[PDB]
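A quick write-up on the structure given underneath.
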Amino acid sequence: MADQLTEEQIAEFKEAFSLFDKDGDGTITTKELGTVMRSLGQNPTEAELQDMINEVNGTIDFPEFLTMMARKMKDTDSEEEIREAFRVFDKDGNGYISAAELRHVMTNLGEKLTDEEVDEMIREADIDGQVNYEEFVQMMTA
Amino acid sequence: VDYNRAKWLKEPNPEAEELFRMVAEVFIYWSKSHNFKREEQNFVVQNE
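Quick note, the sequences are listed as chains L and D, same order.
Residues 1 to 56, 61 to 132, 135 to 148 in the authors' numbering are what the first sequence spells out, letter by letter.
Per the authors' numbering, the very first residue in the second sequence carries number 3377; after that it's consecutive.
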């Protein structure tokens, strides 16, 4: 929840949690632990509930609860992390970025870090120079 | 050349000498030119 969550979604977490309200401890026990997000809209399975109960006297409060959605923040992180890249670059959408386009995507912006690119190509080098942007990013966005 | 190579070896040929001189400049230009490297790479990958 280190400022990565947005105000609107934090507010709707709270409004769902306030649907049961009761001074931040009542009617929000482990029986409603799934019901609150079932009413919110996405469905918790057995894995989701065990993630809720992994680190959790026995009755949750709002800090603990939104701490749980911090580790649930790990979910739905597949398409929106590359949505920005697909919008900004890759007009053709082939994923095989051209030579100049690849100079440009590693044109260092402010950080001016070094040895990381040459490290990446000494660790792995494509063949057909012709570096793939997809293969290029999944390695970090694992 | 691979078919008729033995014949020129047995009988030296000024035409073969001219061909060797010819491909000498081809090879040296091939080595010298840098953009030609990626250009041939692109041409080959486009032809498949």
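Beta carbons: idealized from backbone N, C-alpha and C, even for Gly.
Proximal chain D residues relative to residue i, where beta-carbon distance stays under 7 Å
| i | result |
| --- | --- |
| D132(L) | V3421 |
Listed by chain order, chain L residues near residue i by CB distance under 8 Å
| i | result |
| --- | --- |
| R3414(D) | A103 and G135 |
Reduced DSSP secondary structure (H/G/I, E/B, other) of residue i
| i | result |
| --- | --- |
| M125(L) | helix |
| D51(L) | helix |
| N112(L) | coil |
| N98(L) | coil |
| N3389(D) | coil |
| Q4(L) | coil |
| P44(L) | coil |
| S39(L) | helix |
| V3420(D) | helix |
| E83(L) | coil |
| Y139(L) | helix |
| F93(L) | coil |
| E88(L) | helix |
| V3399(D) | helix |
| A148(L) | coil |
With 8 Å as the C-beta to C-beta threshold (strictly closer), list the residues of the segment 103 to 128 of chain L near chain D in chain order.
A103
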